[PDB]
Protein chains: 4
Amino acid sequence: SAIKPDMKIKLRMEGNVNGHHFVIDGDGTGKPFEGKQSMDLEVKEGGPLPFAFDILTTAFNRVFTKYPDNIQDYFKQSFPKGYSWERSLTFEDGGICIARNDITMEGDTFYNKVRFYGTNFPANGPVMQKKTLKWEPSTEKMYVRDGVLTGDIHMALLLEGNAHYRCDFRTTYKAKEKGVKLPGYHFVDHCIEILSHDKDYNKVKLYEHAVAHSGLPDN
Amino acid sequence: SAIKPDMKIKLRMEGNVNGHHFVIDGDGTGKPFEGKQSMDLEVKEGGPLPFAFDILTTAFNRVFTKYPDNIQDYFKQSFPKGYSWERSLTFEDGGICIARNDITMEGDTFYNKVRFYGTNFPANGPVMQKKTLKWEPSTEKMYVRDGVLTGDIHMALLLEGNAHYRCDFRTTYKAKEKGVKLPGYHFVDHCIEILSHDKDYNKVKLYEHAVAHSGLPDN
Amino acid sequence: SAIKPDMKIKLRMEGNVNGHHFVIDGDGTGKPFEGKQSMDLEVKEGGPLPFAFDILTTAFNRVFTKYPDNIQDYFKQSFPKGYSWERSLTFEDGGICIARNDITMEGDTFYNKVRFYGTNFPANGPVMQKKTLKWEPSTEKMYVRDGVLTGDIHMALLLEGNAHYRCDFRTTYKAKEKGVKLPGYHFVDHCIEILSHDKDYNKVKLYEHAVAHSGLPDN
Amino acid sequence: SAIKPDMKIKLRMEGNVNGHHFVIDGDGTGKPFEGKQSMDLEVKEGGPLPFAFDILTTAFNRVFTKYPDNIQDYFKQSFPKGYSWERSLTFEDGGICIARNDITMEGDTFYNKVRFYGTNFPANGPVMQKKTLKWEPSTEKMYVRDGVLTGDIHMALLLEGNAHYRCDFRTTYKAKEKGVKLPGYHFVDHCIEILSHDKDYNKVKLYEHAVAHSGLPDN
C-alpha cells in the first residue's frame, strides 16, 4: 500500500537553455490509479523566460499512468524507494534538450529533483520566438533494451499558423531498488495541457492524462 | 463511393536486400471500411530468402484503415485514381531499407506495384540470422509536412529470446489527383501478423488490422 | 602486384529512384597508386533522368586511393579476387539512397556491378528540381566496427544560389577473400567532379582524386 | 589587430553529467596564428569525476586555428567583442551531451564561460567505466546554414582493447557583433591530446593543434 489514491507533488527544476539560467518550483496533486495529475508552476529565477515554456512541460512521473492488470506497472512497483529517469529531446530543426528527474517519496508526497538543459535552438525558430501552442497527444512505446526500461515517442508541437514542429523523445527509467520486475512491450497514451498562464508564463497551471495499453487488437 | 466494402488485392514486389535479388507475388482480400486485410504471398524468385521475412511485411495500403467520421480519410479520397507511398526503414543496428508502392484501382481490385531494397544488415544480426518472431503492434503519427502527408512510426521486431530490435519508419503518402484534402494531425493503430508459413517462408499468409483515432482524451 | 599502375574500368549500373528505372554503362581508366580515375558514362535506359545526376556519381572503387606506406591498403590487398561495398546516403530533407558495388578483376580491367536505389525525395527539392552544382570535397573516416571496415562521411551538395544540401554517407567494405588484414583508424580525402556532360546528362565524363592519410600532426 | 601572436587563456566550466555536478578551472596559453594551444585544468568541485574526462576536452576556441589567407577567418574577425558557440555530442550508444562557451577578450587574455551537460550514458558503457584512451584526430566540415556558421564532425574515441566509440558533433558559432563576414565551405583538421594527468584526473594538461584548409586538390 505504498501509493495512495490521492498524492501530493513537490518539484524543483533547475535549468539552462541557450545560455539562459532559470529555476522553477512546482506544487501539485494527482490520482495515480486514474492516471491523472495537476500542478502549479512558478518561475523563481530567470523570469521572464526568453523561450517557449512548452518545451519544459514534460519534465514537470509515469506513476501517474493508468495501468491495466495484465501489464506490469514498473513505476508503482518502484516505491517507496523511488526511481529516476533521463530523457533526450531531439527537435527537427537541430534544437536539442536533455533532462533528468530523481523521484522519491515521503508519506503522501512525491519529491522531484529535476534538471533541464538545452542548446542549438535557432534564434528565429518557433521555440526562441515563442510561436508554440501545445503538444499534440502521443503514444510512447515501452520496451526493454539491455536490461533497461526504455520509452521512445514521436512528439509534435502545434505552431501558430497550424504547422507542426517535430521532436523525438527517448527516455530511460531506472528503479532505485534491485530486482523490480521489468514489463513486457507495451504502450502509454499521453495528453498534456497548459490550463492557464500569466502573460510572461511566470505562473503556469499544468495538467496530464496518461493510460497504458497493449495496442490492437485489444482496443 | 469508388471503394467497395469488399475488395480484392493484387500485388507484385521486386526487391534486393544485401545484394540478394527476389520477386514476390501477392493475392489477397480486404474490408476497407473495417480496416482489415489479408493476403497470400508466394516467393517466385530468389527463394529461399537468406533474410528475415518479417522485414518485408509492411510493404505488402492505408485504404484498409478504419477511419472515424471526424477525421479526414485521405486514402479513400485518393480513389479511383489512386496514390503512391515511399517509405524508409531505419534499423537500430545500421541496417537500412527503402520501399515504394504505386497503388491503382480497376473495378473491384487494387493493384500494387511494389519495390523493396535493403543494405548494411550485419551478417551476425537478427535479420541475416533469421532470429525474428514478429512485429509488435504500433501507433503511426500522421501529420502534414510542407504540404505532404507524412507518417512516422516507432516499430519493433520481437526476437527469439524475448529481446527487441528497433526500427524507425517514415512514410510519405501522395495522391495522384491534385486537390485531395489533407487531414489534421492524427493517429493510426496497427497490428500486422503472419498467420501461417511454410518452412522456408516461400508461402506466407499475412493479415493486418488498422484503426485511426485522435488519441486521448477521446480514447 | 595484381594491380598495375594503369588500369581499365568497366561498369554497369542498374537503378531505381523515386520509381524511375534506369541503366547506365561506364567505361574508364585510372592510376591506382596515384589515387586518380576517370570515366565516361552513357545512359542506356530511362533517359533523360528526372533527377540530379550528381546523386549517382560516388557509386561510379577505393582501389583508386593514394595510400601511404605506413597505412594498410585494404582495397589493393583485396585483389585479384576483389571486394564489395554497400552504402547508405541519408539526405537532410528525408531523401534516402542505398547503393552497392561488386568489384572483380581480370587482367588489367576492373569490373563493376552496381545497383542504386532511392526514395523520399521531395518533389520540390533540389534533387527532383535539378538544382545541384557539385559535391564539395570530403574527408572519409575509416574505422573497424565488429570486424567490418567502415567509412563515414559528412558530404554536401553545392546548390544553385550558393546554399548547401547535406548528406551523410556510411559505407561498409568487405573483401571476397578470407583473412585480408584490416587497417587502423585513418582518413581518406576526396574530390569528385563532373568534367563534362551533354544537356540532358545522357553522356557524362567523371573524375575522382583521393588520398589517404593519418590526420594531424602529419599534414 | 585585436588578436596577438601570443595569448593567455582563462576558463571556467560548470557541468552536470548523469546527475553529477562539477566545476573545472582552466589556465592556458596559445599561438592563434599557428593554430596551437595548451591549458592546465583543475577540478575544483565534484572530484573525483565518475566519468571519462575525455568527453569534456573539446569544450576546453576556434581562434586557435591556423587559417590560410584564401579562407575567411570568422573567429579572429569576431574580436575584440568575441563570440559564442553551442555544441551537441551524440554518442553511438545513446549517450548525449550538450555544451556551450561564451568567449570574450581583455588585453592579451581570452575569457571562457563554459557549460557542459550529459545524460543517457549506460552504466556499463565506456564513458561511465572510464575505458577511454583518446580522441582520434578529426576533420570538421564548416558551412553556412540559414545564415549561421556550422561545423559538423565525425568523432571517435579510441577504447581500451583497440575498439572505437563513435560520436557526432554539431556546433554553431555566432559572433557577438553584427555583420562579421561568413566564410565559404571549408575544413578544419584537429588533433587534441591529454599530455598529462594525475590518477583521478583532478589535474589535467591539455593540448590542441588545428589547421584550416580547402581539401583536395589544393591540400
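Residues numbered from 1 in each chain as written, not as in the entry; some residues may be left out. Chains lettered and ligands numbered in written order. Heavy atoms only, no water.

For this deposited structure, the header cites X-ray crystallography as the method used and 2.70 Å as the resolution.

J.: Describe the overall build of chain A, listing the residues and the values that go with them.
T.: From N to C terminus, chain A includes 1 helix and 12 strands. Secondary structure elements in chain A, listed N-terminal to C-terminal, are β-β-β-α-β-β-β-β-β-β-β-β-β. Its C-alpha atoms give chain A a radius of gyration of 17 Å, within 12% of the compact-globule value 17 Å for 219 residues. Over its C-alpha atoms, taken along the principal directions, chain A stretches across nearly 45 × 40 × 30 Å. Counting over 219 residues, chain A shows a buried share of 58%. For chain A, the accessible area works out to roughly 8900 Å², and carbon and sulfur atoms hold 48% of it. (Helix = DSSP H or I, 4+ residues; strand = E, 2+ residues; numbered from the N terminus. Rg over C-alpha atoms; globule rule 2.2 N^0.38 Å. Buried < 20%, exposed > 50% of the residue type's maximum accessible area, 1.4 Å probe, protein only. Areas by Shrake-Rupley, 256 points an atom, 1.4 Å probe, with all protein chains shown as cover.)

J.: Which residues make up the relation of the copies chain D and chain C, and what values do they have?
T.: When chain D is fitted onto chain C, the two copies agree to an RMSD of 0.2 Å after a turn of 180 degrees and an axial shift of 0.0 Å. The superposition of one copy onto the other is thereby described by a two-fold rotation axis. (Least-squares fit on C-alpha atoms.)

J.: Help me get a handle on the interface of chain A and chain B, residues and values and all.
T.: Contacts between the two partners involve 28 residues from chain A and, on the opposite side, 28 residues from chain B. Carbon and sulfur atoms supply 58% of the area that chain A and chain B bury against each other, a total of about 2500 Å² over both sides. Taken as a group, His154, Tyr185 and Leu216 of chain A account for 30% of the area that chain A buries against chain B, more than any other trio of residues on that side. Counting across the chain A and chain B interface gives 4 salt bridges. Applying the counting rule to chain A against chain B returns 8 residue pairs in polar contact. (Contact = heavy atoms within 4.5 Å. Buried area = accessible area lost by both parts, 1.4 Å probe. Salt bridge = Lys/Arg side-chain N within 4 Å of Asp/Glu carboxyl O. Polar contact = N/O pair within 3.5 Å; in protein donor to acceptor, adjacent residues only side chain to side chain.)

J.: Outline the interface of chain D and chain C, supporting the account with residue identities and numerical values.
T.: Each partner contributes residues to the interface: chain D has 26 residues there, and chain C has 28 residues. The three residues of chain D that bury the most area against chain C are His154, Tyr185 and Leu216 of chain D, which together make up 30% of that side's buried surface. For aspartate 152 of chain D, the salt bridge is made with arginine 166 of chain C, and the minimal N-O distance between the two is 3.2 Å. Joining chain D to chain C, the criterion identifies 10 residue pairs in polar contact. Secondary structure elements with two or more residues in the side of chain D that touches chain C: β8 (138–145), β9 (148–159), β10 (164–175), β11 (186–197) and β12 (203–213) of chain D.

J.: Any chance you could break down the side chain of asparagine 101 of chain A for me, citing the residues and the numbers?
T.: All names here are of chain A. By the secondary structure assignment, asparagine 101 is in strand β5 (residues 96–106). You can call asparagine 101 buried: its relative accessible area is 1%. Polar contacts involving the side chain of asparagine 101 include one to the main-chain amide nitrogen of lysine 113, which spans 3.3 Å. In contact with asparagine 101, not counting residues within four places along its chain, are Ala59, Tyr83, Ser84, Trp85, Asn112, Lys113 and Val114.

J.: Could you give an account of the arrangement of the chains, naming the residues involved and the relevant values?
T.: No part of chain A reaches chain C; the closest C-alpha pair between them is 10 Å apart. Regarding chain B and chain D, the two do not touch, and the least distance separating their C-alpha atoms is 10 Å.

J.: Tell me about the pattern of salt bridges, and please be specific about residues and values.
T.: With the rule as written, the count across this model stands at 63 salt bridges over all chains. Salt-bridge contacts for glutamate 86 of chain C lead to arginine 100 of chain C; the nearest nitrogen and oxygen are separated by 2.6 Å. Separated by 14 residues along the polypeptide, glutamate 86 of chain C in strand β4 (residues 83–91) and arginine 100 of chain C in strand β5 (residues 96–106) bring together distant segments of the chain. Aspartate 168 of chain C is the partner of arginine 166 of chain C in a salt bridge, and the nearest nitrogen-oxygen pair spans 3.0 Å. The exposure class of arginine 166 of chain C is buried, given its relative accessible area of 10%. Among the ionic contacts, a cluster of salt bridges with common partners joins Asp152 and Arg170 of chain A together with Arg166 and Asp168 of chain B.

J.: Can you lay out the environment of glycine 15 of chain B for me, pointing to particular residues and giving the numbers?
T.: Residue and element names in this part refer to chain B. Looking at the secondary structure, you find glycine 15 in strand β1 (residues 7–17). Owing to a relative accessible area of 5%, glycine 15 belongs among the buried residues under this scheme. Between the C-alpha atoms of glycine 15 and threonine 57, which are 42 residues apart in sequence, the distance is 13 Å.

J.: So what's going on with the layout of surface pockets? Which residues, and what values?
T.: As a volume, the second largest pocket reaches approximately 580 Å³. In terms of lining, the second largest pocket is formed by 32 residues, of which the most central are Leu133, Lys134, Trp135, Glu136 and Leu158 of chain B. Every element with two or more residues in the lining of the second largest pocket is listed here: β8 (138–145) of chain A together with β7 (132–135) and β11 (186–197) of chain B. If you tally residues by element for the lining of the second largest pocket, the top one is β11 of chain B, at 5 residues. For the lining of the second largest pocket, the residue count by class is 19 nonpolar, 7 polar and 6 charged. (1 Å grid on protein atoms, 1.4 Å probe; cavity = no way out; pocket = protein on both sides within 12 Å on 5 of 7 lines; lining within 4 Å. Points joined across faces, edges and corners; volume = space filled by probe spheres on them. Nonpolar A, V, L, I, M, F, W, Y, C, P; charged D, E, K, R; others polar.)

J.: Before we move on, could you go through the pairing of strand β6 (residues 109–119) of chain A and cite the residues and values that matter?
T.: Residue and element names in this part refer to chain A. Burial analysis of β6 places 8 of its 11 residues in the buried class, the great majority of the element. Examined bridge by bridge, strand β1 (residues 7–17) and β6 share 10 bridges and lie parallel to one another. Looking at the pairing, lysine 8 lines up with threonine 109 of β6. In this structure, β5 lies alongside β6, joined through 11 bridges in antiparallel fashion. Paired with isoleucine 96 across the two strands is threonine 119, which belongs to β6. Here β5 folds back onto β6 in antiparallel fashion, the turn holding 2 residues, of which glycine 107 has a positive phi close to 55 degrees. (Pairing = 2+ DSSP bridges.)

J.: So what about the packing of aromatic side chains? Which residues, and what values?
T.: Within the structure shown, the criterion is met by 62 aromatic pairs over all chains. Ring centres of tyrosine 117 of chain A and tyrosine 117 of chain D lie 3.7 Å apart, and the angle between their planes is 5 degrees; on these two criteria the pair is classed as stacked. Residue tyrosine 117 of chain A is found in strand β6, and its partner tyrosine 117 of chain D is found in strand β6 (residues 109–119); the two belong to separate chains. Pair check on accessibility: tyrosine 117 of chain A and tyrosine 117 of chain D agree, each one buried. Ring pairs connect the aromatic residues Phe64, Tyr67, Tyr74, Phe75, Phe79, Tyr83, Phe110 and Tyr173 of chain A, which therefore count as one cluster. Above the ring of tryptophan 85 of chain B, the side-chain terminus of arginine 87 of chain B is found at 4.2 Å from the ring centroid. (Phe/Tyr/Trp six-rings, centres within 6.5 Å; stacked < 30°, edge-to-face > 60°. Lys NZ or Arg CZ within 6 Å of the ring centre and 35° of its normal.)

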